[PDB]
Amino acid sequence: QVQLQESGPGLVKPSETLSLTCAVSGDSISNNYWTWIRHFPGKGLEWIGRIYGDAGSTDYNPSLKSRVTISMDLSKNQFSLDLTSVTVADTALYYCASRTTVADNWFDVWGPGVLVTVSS
Amino acid sequence: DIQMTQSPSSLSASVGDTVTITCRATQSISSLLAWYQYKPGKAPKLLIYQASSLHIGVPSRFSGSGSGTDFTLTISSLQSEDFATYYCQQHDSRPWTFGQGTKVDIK
Amino acid sequence: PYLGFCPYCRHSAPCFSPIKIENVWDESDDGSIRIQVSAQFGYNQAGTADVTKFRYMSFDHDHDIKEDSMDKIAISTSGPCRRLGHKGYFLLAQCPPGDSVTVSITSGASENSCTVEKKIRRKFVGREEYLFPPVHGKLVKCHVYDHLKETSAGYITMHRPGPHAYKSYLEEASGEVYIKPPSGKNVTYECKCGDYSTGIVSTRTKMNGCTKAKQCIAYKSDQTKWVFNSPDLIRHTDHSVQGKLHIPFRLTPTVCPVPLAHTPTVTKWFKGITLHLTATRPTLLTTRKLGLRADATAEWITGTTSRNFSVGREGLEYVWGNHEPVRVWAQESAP
Ligand SMILES: *[C@@H]1O[C@H](CO)[C@@H](O[C@@H]2O[C@H](CO)[C@@H](O)[C@H](O)[C@H]2NC(C)=O)[C@H](O)[C@H]1NC(C)=O
Ligand SMILES: *[C@@H]1O[C@H](CO)[C@@H](O)[C@H](O)[C@H]1NC(C)=O
Ligand SMILES: *[C@@H]1O[C@H](CO)[C@@H](O)[C@H](O)[C@H]1NC(C)=O
């Protein structure tokens, strides 16, 4: 089966590059869509972006397009998140998502997730 | 961007009752909708895909319907394990959006 | 499901048809062909896996999606074809020979058709020409497309569509331009009347400095549809491959029946052989020596005739039709 695990720093200063890691186990990286999802406490879920495995094609939310860049590492079974110049509104619970279907907005799989707090 | 107005925001009900939660979209999105069940301290799980179809493992008691802009989920024979947050999600426009969340709680 | 530039619409002209054929493959050994069209077969407006309905590209300014059934689908090359399977862009049909193939939707009186040049011939298996497979004969390995729809012959590449502009989106009145959108849908405009300008307005809005309606371009930001890398469309500013569906009806190896010819009547003479032959259809006869020089020859024989072949001491091997090759050896019976 496909298992996901988030692993990122929990406390980052504002106006700093946020780097978060989701590792993939049980399946290859190159034949499924890979997705980041945020979830601010006291609010709801919001889209971040996605990457395809063997192609490296990225589609991102237009509002955050200027500050979200997604890269993947096929050797480490790895795909990553880069968020530049974080603010206090970027404090959210972060999920990495994957699906049984090769590409679907709905995600069959989901990591436990990691909490990121932006404060001084 | 197609925006969402989740219905209703809150509803307290006991075990065995029937609660209906509506899903209204600002634009005609045909019947491409998916619903989620958020458990606190855990990742949300898919219950209904395609606005009428059941994910394997999900209870049959859960039945969603609707097309175009108006959608409903009917939760018949409510139990203790499914007091959660309800979230319908469309997959037409990029990127996908969410509701404001519907809270159900034990009366 | 996009719409393409079909070189033959209903009447005579190159026109736009939403069941536009790009290519046709005839690599099967049973005469069946597979057809790529721009429409989606076997899916509803939402794309539900449901066999009895399909969808296509609408002929209006809102560019939505409608539905239709297969009872008004006709496949033809010279006569009507027989339908066997369909997934999305893909077809499979059994057809008589012809110089082109025709797909059509006969939606009432609106018979929108598309015809693309492709030479389809009646091909055969083995060494004997045949029209319809006989009951009796040798069983031979052949290669046909599988009728199972969930197979995978390969992959095709799809990307996001580019801007698809309209004239119904733009309005001209008393020497200025206007933009009228459908209600509830954002439209991204682009116009140039001096300084280069962009923007996204979902409501009717005056634009200043413009006198001609041929200077502003408006298009809805459409991300819902996925389009094939077709030569008939303007692509988006980034050409990244984003996904891939299977190519169904994989060309699978199967056994096929082939006929057997009539067994020839063989007569004998000194250092030579003579075969009285009979075949109502063209069949192959290949003879070769068994020594230093093969002296190989091959002919397609129609009707009945007699062929003389010299046989040496080293011998000769002749193959008549689909039968077992038979080796013959001469003697030293000089008169
Ligand atoms: C499509 O048009 C609508 C209407 O302008 C935009 O709606 C905005 O939505 C956000 C989020 O709800 C609100 O905060 C704004 O107030 C709405 N408009 C305004 C001006 O207040 C919507 O963003 C548009 N989508 C795109 C992609 O432009
Ligand atoms: C009839 O004879 C012609 C040659 O004159 C030949 O080409 C044709 O195949 C024959 N048809 C038959 C088999 O009756
Ligand atoms: C074949 O050989 C026989 C016997 O020599 C002869 O009568 C006949 O004319 C020959 N026919 C051909 C095809 O040359």
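Calculation rules
Residues numbered from 1 in each chain as written, not as in the entry; some residues may be left out. Chains lettered and ligands numbered in written order. Part of a larger assembly, values for the part shown. Heavy atoms only, no water. Residues with missing side-chain atoms left out of burial classes, pairs and counts. Contact = heavy atoms within 4.5 Å. Nonpolar A, V, L, I, M, F, W, Y, C, P; charged D, E, K, R; others polar. Disulfide = S-S within 2.5 Å. Helix = DSSP H or I, 4+ residues; strand = E, 2+ residues; numbered from the N terminus. Salt bridge = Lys/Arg side-chain N within 4 Å of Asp/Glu carboxyl O. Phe/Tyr/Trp six-rings, centres within 6.5 Å; stacked < 30°, edge-to-face > 60°. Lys NZ or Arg CZ within 6 Å of the ring centre and 35° of its normal.

By the method listed in its record, cryo-EM, this PDB entry was determined to a resolution of 5.84 Å.

Contact residues are listed per partner, giving seven residues for chain A and five residues for chain B. Its residues assigned to classes, the side of chain A that touches chain B shows four nonpolar, three polar and no charged.

A separate point is the state of the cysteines. Residues and elements named next belong to chain C. In this model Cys-9 forms its disulfide with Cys-15; the gap between the sulfur atoms is 2.0 Å. Each disulfide pairs two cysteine sulfurs, and for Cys-142 the partner residue is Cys-256, the sulfurs being separated by 2.0 Å. On the sign convention where negative means left-handed, the S-S torsion of about 55° between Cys-142 and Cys-256 marks this disulfide as right-handed. You can see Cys-142 sitting in strand β11 (residues 138–145) and its partner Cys-256 sitting in strand β22 (residues 251–258), a full 114 residues away along the chain. Counting only the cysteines that take part in disulfides, in the order they occur along chain C, gives the pairing 1-6, 2-3, 4-5, 7-12, 8-11, 9-10.

Residue and element names in this part refer to chain C. Where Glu-150 meets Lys-87, a salt bridge forms, and the shortest distance between an N and an O atom there is 3.1 Å. Here the residue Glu-150 occupies a position in the loop between β11 and β12 (155–159), and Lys-87 occupies one in strand β8 (residues 82–94), the gap between them amounting to 63 residues. Across the salt bridge formed by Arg-204 and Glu-171, the nearest N and O atoms sit 3.2 Å from each other. With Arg-204 in the loop between β17 (200–201) and β18 (205–206) and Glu-171 in strand β13 (residues 170–173), the pair connects residues that are 33 residues apart, well separated along the chain.

Another point: the environment of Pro95(B). On the secondary structure map, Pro95(B) appears in the loop between β9 (85–90) and β10 (102–106). The spatial distance from the C-alpha of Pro95(B) to the C-alpha of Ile2(B) is 9.7 Å, given a sequence separation of 93 residues.

All right, on to the packing of aromatic side chains then. Residue and element names in this part refer to chain C. The interplanar angle of 70° and the centroid separation of 5.9 Å between the aromatic rings of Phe-5 and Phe-16 together place this pair among those described as edge-to-face. With a gap of eleven residues between them, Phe-5 in strand β1 (residues 4–6) and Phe-16 in strand β2 (residues 15–17) connect regions that are remote in the sequence. With centroids separated by 5.3 Å and ring planes inclined at 40°, the aromatic side chains of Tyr-166 and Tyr-169 adopt a geometry described as tilted. Counting every residue linked through ring pairs, the aromatic cluster contains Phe-41, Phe-54 and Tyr-56. Lying across the ring of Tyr-155, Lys-244 places its NZ or CZ 4.7 Å from the centre.

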